[PDB]
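*Asks:* This is the structure I have questions about; it appears just below.
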Amino acid sequence: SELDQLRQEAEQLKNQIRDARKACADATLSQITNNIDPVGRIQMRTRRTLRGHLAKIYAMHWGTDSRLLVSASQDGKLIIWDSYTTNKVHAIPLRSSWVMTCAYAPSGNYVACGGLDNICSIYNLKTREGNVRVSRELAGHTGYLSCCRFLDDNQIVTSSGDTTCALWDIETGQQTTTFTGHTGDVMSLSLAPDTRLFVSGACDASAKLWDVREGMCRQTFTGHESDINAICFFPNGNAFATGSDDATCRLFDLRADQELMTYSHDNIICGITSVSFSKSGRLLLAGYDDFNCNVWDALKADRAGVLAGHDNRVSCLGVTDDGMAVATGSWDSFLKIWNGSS
Amino acid sequence: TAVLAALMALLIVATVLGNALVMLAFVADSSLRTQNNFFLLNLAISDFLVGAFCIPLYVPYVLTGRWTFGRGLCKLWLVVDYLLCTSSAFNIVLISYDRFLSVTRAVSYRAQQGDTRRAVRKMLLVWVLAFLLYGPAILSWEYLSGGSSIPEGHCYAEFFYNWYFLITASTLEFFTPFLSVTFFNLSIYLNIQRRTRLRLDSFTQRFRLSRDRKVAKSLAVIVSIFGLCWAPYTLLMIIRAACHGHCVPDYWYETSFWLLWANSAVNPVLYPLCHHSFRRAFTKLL
Amino acid sequence: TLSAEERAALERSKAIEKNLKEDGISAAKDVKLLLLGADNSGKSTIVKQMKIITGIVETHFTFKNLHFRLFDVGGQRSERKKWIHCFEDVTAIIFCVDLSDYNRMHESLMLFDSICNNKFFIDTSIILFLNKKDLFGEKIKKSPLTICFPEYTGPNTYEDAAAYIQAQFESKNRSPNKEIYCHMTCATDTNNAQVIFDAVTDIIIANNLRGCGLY
Amino acid sequence: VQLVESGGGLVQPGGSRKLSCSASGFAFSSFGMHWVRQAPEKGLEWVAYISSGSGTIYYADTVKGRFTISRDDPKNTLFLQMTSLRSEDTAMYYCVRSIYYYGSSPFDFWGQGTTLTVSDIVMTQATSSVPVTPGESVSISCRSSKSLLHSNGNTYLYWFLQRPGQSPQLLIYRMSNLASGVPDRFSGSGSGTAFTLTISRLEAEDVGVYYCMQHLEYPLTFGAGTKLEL
Amino acid sequence: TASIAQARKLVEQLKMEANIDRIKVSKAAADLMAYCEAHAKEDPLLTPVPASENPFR
Ligand SMILES: CC(C)CCC[C@@H](C)[C@H]1CC[C@H]2[C@@H]3CC=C4C[C@@H](O)CC[C@]4(C)[C@H]3CC[C@]12C
Ligand SMILES: CC(C)CCC[C@@H](C)[C@H]1CC[C@H]2[C@@H]3CC=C4C[C@@H](O)CC[C@]4(C)[C@H]3CC[C@]12C
Ligand SMILES: CC(C)CCC[C@@H](C)[C@H]1CC[C@H]2[C@@H]3CC=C4C[C@@H](O)CC[C@]4(C)[C@H]3CC[C@]12C
Ligand SMILES: CC(C)CCC[C@@H](C)[C@H]1CC[C@H]2[C@@H]3CC=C4C[C@@H](O)CC[C@]4(C)[C@H]3CC[C@]12C
Ligand SMILES: CC(C)CCC[C@@H](C)[C@H]1CC[C@H]2[C@@H]3CC=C4C[C@@H](O)CC[C@]4(C)[C@H]3CC[C@]12C
Ligand SMILES: c1cc(Cc2c[nH]cn2)ccn1
């Protein structure tokens, strides 16, 4: 009786939101950006190849200086690379080799990683002893760690396969806030540029917008047909893009509270592993299971170019803070640095 | 006459680039660093220099009929030509010995697989022992036996008509390697058949039995091709030495002479092309 | 490299590269095994001599100059197809089935089918374990095998009943290139390490033959 | 982090002496090691260098052929074997750790030093002494015969402070960066061959001798040193 | 009583999401287009820099 009545009210609320979104869907992003000229063909060459990982690379993250990056592989090694010289700055042996994510702190003093061990491990890069040591192991998730991002040296947000995201106080080792509401495994998260909000994509084919300070879900974005594997904020923080197993990328708007554009091709039938934006946000770069990275026109949903330099899945990618280059990690154990030429 | 020139050029072309792709694929791919991958490179290196240095330099010797490159350069060519073919035979024993360890000492082979220190050490031993078989003999025959019986304009080994040395040298160069390759490839077949016999003692069982037969055909061709190319010339040298060329037709010697060099063009087809790891690298490059 | 500090930085990088190769060579000498099965199928005590080294439970032991690393993923209650590709480079899969549990028998059949026909385990062999065969023989008297398998029409003897269950799992394999190593074991059996070692040795030889180019 | 030197003492001319540097509290094998000496009432002088992993070894010309530098990584001990000792070798010998990777701070920790008594880019610090008062801003100048700016953007200039009775401490590395544990009042500014160390709101602790060192190339050379006095 | 407890929470959450202010899609589309135009010149991937200014030559 009471349960049946309540679940009917949820359907009415869902229709109310759907009608509300349809009311503000006056135009389409495709119609708005029809007049602007296309970006042309985007040609990028492999400037650097980072060799030394002996297993599948699962994650990479640039440092804020746009020169150092950290990559994680299931050879049980965290490696920090000097991308300008291809020098290895550090090699961090992981206690658990089943790593799925890695993060570089914006200060550059810490890196984080974690996987099927359900732990987010914090590593101190600047110690008086001259070696990288574990500074914190964040326990509390009951599923695998899928993504992690530093807010500062003391706070980090983690998403897990136990359907929850958490905000952690690194100094105390406790999760100050728990973000619940996803009905599937949360596979990725992206921080807003001001680090007041973050979006997460789960296996329920939905993207939720969370308030870091308040600790509740502000908005829920649906439209994908399969598990979301990747998510990335637009550079101004007013939009985000997702990548799913349905071979599509979608651009959702925070303020319009709905999808604006879909990035898919008939030839593309493989899942998407990673998404990132260029510095101006005009390009959306997505890594795919078909061993390729497709560069999309974010505004016009046109495939601008292809980065074909890997013999296995493109598992991760990232664009530097200065926008100079893009790194692609792959299951073939190599990292490549790409940019164009005049 | 021109047809013979084209055929020699074709053999030069096939031997050079055919063994170059194996060296190109080895450099291109960094995952091809197991001891077996090094051994295939060494076979490719030995055969590559055959078609790029020895055969091209020997073309004037056939078309003109006389060696016009001088007595000094002839000794270099004789040493290099005998070194490369001997090393090619010793590489085949090394490859077959490598495959024999993988089936028999499977646990230890996988543990030591990828040990580049052992692979380079065994590669060096092949070239060192190859040189010691004909190097000192060719260089020091004229200076220890008195004069040189080789007429001016002709370039062949000083022991070309010797009977005692040829049978002894060929025993350590082809007879012992051929029995070793035969023994190694036979033990692989017996182990595979025995292991499948215990496995059976359906669609899966049919596939495994069919796979064993495919290996058996692969193992038989390897022993046959190595024997087919080397046995005629090796037997002719011992036979011709006894009768000093009277009982052996002149054109028969050349035909068996080119069979050994023909083996350097079939080796890329056999070992690297049939190898699974190298086949992907060939597709990767082209 | 030109600068004095860059030369020492390059030397540090080269020293790191050397240690990465040394670790990788020692890592490639281990036999990694993925342990799967029902919730209670005896996978916890599949080997007596093995010792543990919500998350993934890794268990390792050494048997006849071979190091085995067993990974139990039963603690991961999340979606399996989001992290099962992490074991794509596994030497073999150990699947445990309890013959004394008819309720979970059909659970194992559908679990076996997904793993056997998984897109990441096409060429991965399976070491099927049918545990509690002594309890199955004792319980086959009062409870016929037809209770769990209605289509079963063979004799009710223990030897044929156990063989029918084994044939059910091997029927899930649609790839001729995959080899399944079935074994009937008891609770008091103490040679499970030998069975794994014998099966892994056969798998290694097939891998070696591919490595040496004969295959 | 500790670096204790031993083996120094009074030796006869032409003799031999073995200096030891025991390291504790840090990963010794990860750090390159230098020997730097300081003659009594004189400035700092670099002696030798051994890299991490013992692959690279450098010596100063005045000691090359007579001194041998070696390390024992398992025992965390650094050695300096000296032969044919001259009266020019009478100095306090300091053990200095230095690690080299992108963004590292070489020469960050120095040992207490051991005293031995026996019976090239030019770095110039013309101002030998500077009278100072607490709370006032002070600038110290250094000059180099060659440009210390490399094509990679680094300017390999270092600043050290040796308080009376204490070992040198790193202040500024690569001409602008502030060393860990150093107050923000210190600031390093330079261009090309001319460099300035600015000390805002001078305090009692800042009193001492300041040395500028170049690390552009070997041999590493020190300036004469500028002393601050109240 | 697990389902009834979950139902109240899910209904309460949908109320919060339904009370937000939504701008027009045309307004949202223009802002994204404006940001891309304003920062187009400082995007090396969109407009590759001369080789002298490329750290990855
Ligand atoms: C790649 C394939 C075509 C290579 C074929 C090699 C063989 C068939 C060719 C190439 C070199 C040729 C030989 C060249 C020289 C001579 C010496 C002459 O007095 C008789 C013919 C004879 C003996 C030729 C016979 C055929 C020959 C041996
Ligand atoms: C007439 C002779 C001297 C010409 C030179 C031939 C020999 C010395 C050259 C030609 C091909 C060369 C090889 C080409 C490729 C490789 C793979 C590389 O990972 C190690 C070096 C190595 C193995 C080279 C060794 C030297 C080499 C074998
Ligand atoms: C182990 C292998 C690689 C060693 C090979 C050594 C070879 C390259 C060296 C060693 C001895 C050298 C020979 C010594 C003597 C002569 C006689 C001279 O009138 C021509 C050069 C010639 C023929 C030299 C050719 C090159 C040579 C054969
Ligand atoms: C004409 C005569 C001199 C040619 C002699 C060929 C010899 C000297 C050359 C050709 C092939 C070469 C080898 C090719 C590959 C390797 C593996 C490498 O990791 C170490 C060097 C090593 C082992 C080379 C040693 C020198 C080598 C054996
Ligand atoms: C005087 C010499 C040249 C005559 C001997 C020729 C034959 C018997 C020699 C030359 C090359 C040698 C091989 C070279 C390398 C190896 C690898 C080693 O781990 C096992 C023995 C093995 C397989 C050797 C077996 C014997 C061998 C084949
Ligand atoms: C036997 C014969 C040779 C010389 C030769 C014959 N055929 C071609 N080259 C070299 C080594 N072993």
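Numbers run from 1 along the shown chain.
This entry, so its header tells us, was determined using electron microscopy, 2.8 Å.
Just so you know, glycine gets a Cβ as well, placed from its N, Cα and C.
Pulled these features from Swiss-Prot for this protein:
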LIPID     C:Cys212  S-palmitoyl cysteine
MOD_RES   C:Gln76  5-glutamyl histamine
MOD_RES   C:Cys212  ADP-ribosylcysteine
REGION    C:68-77  region 'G3 motif'
REGION    C:127-134  region 'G4 motif'
REGION    C:185-190  region 'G5 motif'
*Asks:* Unmodelled stretch of 10 residues from C:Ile53 to C:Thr54; how many angstrom between the C-alpha atoms?
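*Replies:* It comes to 15 Å between the two flanking Cα atoms.
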*Asks:* What Cα-Cα separation, expressed in whole Å, is found between the residue listed as '5-glutamyl histamine' and the residue listed as 'S-palmitoyl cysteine'?
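*Replies:* Distance between the two Cα atoms comes out at 38 Å.
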*Asks:* The region 'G3 motif' (C:68-77): which same-chain residues, six or more beyond its ends, come within Cβ distance under 8 Å?
*Replies:* 30-37, 39, 43-44, 46-47, 50, 54-62, 83-84, 87, 90, 94, 196, 200
*Asks:* If you count the C-beta atoms lying within 10 Å of each candidate's C-beta, which of the recorded positions C:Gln76, C:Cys212 ends up with the smallest number?
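*Replies:* It is C:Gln76 that, of the recorded positions C:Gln76, C:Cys212, has the fewest other Cβ atoms within 10 Å.
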*Asks:* What counts of helix, strand and coil residues does DSSP assign across the region 'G5 motif' (C:185-190)?
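*Replies:* The region 'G5 motif' (C:185-190) comes out at 0 helix, 0 strand, 6 coil.
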*Asks:* By DSSP assignment, list the helix, strand and coil residue numbers for the region 'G3 motif' (C:68-77), in that order.
*Replies:* 0 helix, 5 strand, 5 coil
*Asks:* When secondary structure is assigned with DSSP, how many helix, strand and coil residues does the region 'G4 motif' (C:127-134) contain?
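*Replies:* Output for the region 'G4 motif' (C:127-134) reads 2 helix, 5 strand, 1 coil.
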